[PDB]
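Can you keep this structure in mind? I'll have questions shortly.
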Amino acid sequence: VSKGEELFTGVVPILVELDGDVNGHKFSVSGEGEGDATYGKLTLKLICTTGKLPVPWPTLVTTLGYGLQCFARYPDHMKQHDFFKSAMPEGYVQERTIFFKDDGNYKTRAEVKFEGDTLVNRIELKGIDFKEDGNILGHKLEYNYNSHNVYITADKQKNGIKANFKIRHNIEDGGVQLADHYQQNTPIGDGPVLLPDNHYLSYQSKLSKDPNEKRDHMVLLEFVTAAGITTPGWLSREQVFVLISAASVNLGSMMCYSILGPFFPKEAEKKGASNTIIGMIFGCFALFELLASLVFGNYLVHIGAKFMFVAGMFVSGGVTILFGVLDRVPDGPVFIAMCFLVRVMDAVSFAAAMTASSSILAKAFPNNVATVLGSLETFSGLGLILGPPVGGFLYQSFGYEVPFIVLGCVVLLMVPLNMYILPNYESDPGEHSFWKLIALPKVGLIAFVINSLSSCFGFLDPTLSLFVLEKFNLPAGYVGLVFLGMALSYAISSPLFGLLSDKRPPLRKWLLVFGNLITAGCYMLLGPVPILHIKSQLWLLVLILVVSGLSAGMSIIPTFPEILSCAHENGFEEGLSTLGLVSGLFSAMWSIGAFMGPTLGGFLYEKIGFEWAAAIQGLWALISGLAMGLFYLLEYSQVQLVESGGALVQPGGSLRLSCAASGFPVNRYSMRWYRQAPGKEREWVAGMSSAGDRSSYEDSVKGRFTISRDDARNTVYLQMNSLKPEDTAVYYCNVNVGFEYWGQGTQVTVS
């Protein structure tokens, strides 16, 4: 707890200083930058104020980035344990002892102060016993940097923390240099101390050069995350306290939403609404809810979530009683400006509810994004299946009014109780264009899929009732429950294909494609041409509609994590505004499907029969699903490694291991081979340089291991002879192209 803790968020500009005396050589570096504690980024452009550096660049990165640890993104249960963020406006000091393996040493002292709004960093270091012909001063350090963990514990003897981290520097010969870092961090002031437990920090550092800076310089795009303590497995009551509200929002509305649909032919000719007017009801219900959801997703930050959400059903609590009785008055010169007062504010009532609710749902659970959406969907399905059987008494009470007062009282009494739930105040507006968000080709291709999936349901819903009268002849109340089977299958597909979509991320894309593919199948048997000579059996049509609902429910849910990852990976922000604009995107792309689908399908039904009228929508969805493979199966350039060749070993012998690559070429890159022993930490074994003329070997396997590379298939082989009983371990392959990427690794058991 501190006065500057709440002001620490947002951008905070940084001033960075450095003077240093390494091996009798004096130099100085100064620079500027900024970052965030909520985003976690840290961009620092450093320029040498002296000239040619007597040290390699990454050897200074560990004392210029890890010296600036005020910007640390901590998780929820770790927010108490912020010692670097404990007190900024006084300043703190950091003493680091840096050792190298069998080489010289660094000692540095760090003073950081906070004046006004900006942060000043002052570093001084002394470097002793370094050689010109060694690994360091020969400029043998490759201009890349890896990902390392920082292990922090606290001590109350000097009210501070002590930390350790070992850094692997890459070598142009191929090997690594181990930098031991011991940290003693204390605060200057006598203020309150926020003592951490045992925890660790994770880093992801970039290292690039801008050509427009003429002198010696570097650019850091460090990303720092935190972890360390296992969270309790129980669900917190504060997070239930919003999930109950979201469940009530999705549950109470759908009864009124489902009963207002077929209610309208009780008055459609009382109002004098001709087919042009009936058509413009659907036209307004499409386009006005497009515009409303779009402007809401644009201006969620400016309006704010509270009056967005708790009044989001107050207008729905108005439209549940707006149809109180409309057989009373002879709307004559009333109905000139009432046709957009019948169902348009119903549309913005349920567009304003779901756009906000999806955003506040997805904010609370980043680790379970698809699970809780599927949970609300299966709660919706359980509400929909048991929807109208409770009406067998109530609207026989005193007339035709009853479904719009008694349930209207429930909505009007449940609407003001949603005010306790939202504590959310404010975020930042989105800087990138929402048109630029759409103009990304990935959303530009999933848009057509989600419009097709909406068009399927929109065409099918007023079609089975007019179809099954002819060759099946079921009564009106029977027309419902087939459809209920579909809902049952959406329920079966609501969490089961959602929770799995949280487990394995890269499996979702093909899964989405698979959904679309089987969606094509589920209409080709729906209305078949009798060239296929299938008989209209009830059981086969029921089964193909159940697997239709299963496919639709399996394909609807992983749309939202896919577009979240699409917005995340392509350089947009990481916050509530991006989540809200993605939710409005989903709202608009769902709402346009009520206009693309039912119009042309209802036109072509009476024209060509519900065989080819179903077949045109089926082929439309089939082309919609087939379009996804052009962007997935042609640009599947995610970098990954495949390791194999490990099995049981007869002791004192010869075998081989291999690892192949995908996502990058090996024309200008090096590669490493690591080993994890049981119970002991990792250790560099082999290294193939970018040139490949030479290689680097561990001394314990020197003269025993042969590394080889085949450039055509991007395959790398490691062979040996006379294996040892200590060589029961798991081997990893490491590559460094804009991240430190590792493979899964495989086992060698010398038994």
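Any chance you could tell me what percent of the C-alpha pair distances in segment 130-227 go past 16 Å?
Values: 3323 of 4753 pairs.
The share of Cα pairs beyond 16 Å in segment 130-227 comes to 70 percent.
Quote the FRET efficiency, to the nearest 0.05, computed for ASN424 versus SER722 with a Förster distance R0 of 60 Å and r equal to the Cβ-Cβ distance.
Numbers: r = 65 Å, r/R0 = 1.08.
E(calc), rounded to 0.05, equals 0.40.
Here is a follow-up. For the pair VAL737 and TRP539, how long in nm is the line joining their label points, each one 7 Å along Cα→Cβ?
With each label placed 7 Å out from Cα toward Cβ, I get 5.5 nm.
Suppose each label sits 7 Å from its Cα in the direction of the beta carbon; what would the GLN676-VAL11 distance come out to in nanometres?
4.0
Quick one: what are the phi-derived ³J(HN,Hα) couplings along segment 645-654, Karplus 6.51/-1.76/1.60 with θ = phi - 60°, whole Hz, x for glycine and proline?
Using θ = phi - 60°, the values come out as x, x, 7, 5, 10, 6, x, x, x, 9 Hz.
In nm, what is the difference between 0.36 nm times the number of residues separating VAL240 and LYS158 and their Cα-Cα distance?
Details: separation 82, 0.36 × 82 = 29.52 nm, distance 4.12 nm.
Full extension of this stretch gives 25.4 nm more.
When ranked by the protection proxy of mean other Cβ atoms within 10 Å per residue, highest first, what sequence do the peptides 274-280, 525-531 form?
Numbers: 274-280: 11.6, 525-531: 14.9.
Result, highest mean first: 525-531, 274-280.
Still on this structure, I have one more. Report, in degrees rounded to the nearest 10, the 0 to 90 angle that the Cα long axis of helix 508-524 makes with the longest principal axis of the chain.
It is inclined by approximately 20 degrees.
Still on this model: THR118 label point, 7 Å along Cα→Cβ, cut-off 18 Å on backbone N: hits in segment 40-70?
Label zone hits: 43-49, 68, 70.
If I take every Cα pair under 8 Å that is 6 or more residues apart in segment 427-636, average their sequence separation and divide by the length, what percent do I get for the relative contact order?
On the way: 192 pairs, mean separation 86.7, N = 210.
About 41 percent, as a whole number.
Which whole-number percent gives the relative contact order of the chain, counting Cα pairs below 8 Å spaced six or more residues apart? Don't jump to the answer; show the numbers that get you there.
Numbers: 1260 pairs, mean separation 83.1, N = 751.
RCO, the chain: 11 percent.
Subtract the Cα-Cα distance of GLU267 and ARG504 from 0.36 nm times their separation in residues, and report this length gain in nm to one decimal. Could you put the intermediate results ahead of the total?
Working: separation 237, 0.36 × 237 = 85.32 nm, distance 5.11 nm.
Roughly 80.2 nm would be gained on extension.
I need the shape label for segment 338-486. Rule: rounded when a/c is under 1.5, else prolate if a/b > b/c, else oblate, with a, b, c from the alpha carbon gyration tensor.
Working: a/c = 2.00, a/b = 1.32, b/c = 1.51.
Judged from the Cα gyration tensor, segment 338-486 comes out oblate (a/c at least 1.5, b/c at or above a/b).
Find out how many positive minus negative residues lie around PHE610, taking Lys and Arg as positive, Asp and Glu as negative, among other residues whose Cβ is under 13 Å from that of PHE610. Please list the in-between numbers first.
On the way: positive: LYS471, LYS607; negative: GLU470, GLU606, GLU611.
Its environment carries a net charge of -1.
With a ≥ b ≥ c the root eigenvalues of the C-alpha gyration tensor of segment 425-563, is it rounded (a/c under 1.5), prolate (a/b larger than b/c) or oblate?
It is prolate, given that a/c is not under 1.5 and a/b is the larger ratio.
Students often get this wrong, so check it: of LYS85/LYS680; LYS162/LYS680; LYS41/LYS509; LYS41/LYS79; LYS131/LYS166, which have C-alpha atoms separated by over 24 Å? Each step should come with its number before you reach the end.
Details: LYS85/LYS680 33 Å; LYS162/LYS680 22 Å; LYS41/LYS509 28 Å; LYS41/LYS79 18 Å; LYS131/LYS166 22 Å.
Beyond 24 Å between Cα atoms: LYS85/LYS680; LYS41/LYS509.
What's the ranking of 554-564, 23-33 by average number of surrounding C-beta atoms within 10 Å, highest first?
On the way: 554-564: 22.5, 23-33: 15.7.
For the peptides 554-564, 23-33, the packing ranking is 554-564, 23-33.
For the chain, what proportion of DSSP beta bridges, expressed in % and rounded to the nearest 5, is antiparallel? If you can, show how the numbers build up before the last one.
Values: 114 of 126 bridges.
Looking only at bridges with both residues in the chain, the antiparallel portion is about 90 percent.
Now for a separate question. Hey, got a sec? Which GluC sites (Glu not before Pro) in segment 644-726 land in a DSSP loop and have at most 11 other Cβ atoms within 10 Å?
Details: sites: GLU681, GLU683, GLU698, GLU726; in loops: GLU681, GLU698, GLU726.
Here the sparse-neighbourhood loop sites are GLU681, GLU726.
Okay, next question. Rounded to whole Å and ordered largest first, report the semi-axes of the equivalent ellipsoid of segment 640-750 derived from its Cα gyration tensor (root of 5λ).
They are 23, 15, 13 Å, listed largest first.
Name the long-range amide H neighbours of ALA154: under 5 Å, sequence gap of 5 or more, or other chain; modelled H, no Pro or chain starts.
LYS162
Restricted to Cα positions, what overall size does segment 1-146 have along the principal axes? Three whole-Å values, descending.
Cα extents, longest axis first: 51, 31, 25 Å.
Over the chain, consider all pairs of different Cα atoms and compute the Kirkwood hydrodynamic radius from their mean reciprocal separation; express it in Å, one decimal.
On the way: mean 1/r = 0.0326 Å⁻¹.
In the chain this quantity evaluates to 30.7 Å.
Next up: Between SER565 and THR230, what is the FRET efficiency for a Förster distance of 22 Å, r being their Cβ-Cβ separation, to the nearest 0.05? Mind dumping the intermediate values first?
Numbers: r = 26 Å, r/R0 = 1.17.
With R0 = 22 Å, the Cβ-Cβ based efficiency is 0.30.
Still on this structure: Could you give the angle, 0 to 90 degrees to the nearest 10, between helix 538-556's Cα long axis and the longest principal axis of the Cα atoms of the chain?
Once rounded, one gets 40 degrees.
Just checking the chain: which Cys have no other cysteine's beta-carbon under 4.7 Å?
Lone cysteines by the Cβ rule: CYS48, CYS70, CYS256, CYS284, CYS339, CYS409, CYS456, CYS522, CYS566.
To continue, here is another question. So what's the angle, to the nearest 10 degrees on a 0 to 90 scale, between helix 275-298 and the longest Cα principal axis of the chain?
20
When we count neighbours, we look across all protein chains shown, and the Cβ atoms used for this are built from the backbone with ideal geometry, even at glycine. Readers should treat all values here as calculations from the given coordinates under stated rules, not as data from a laboratory.
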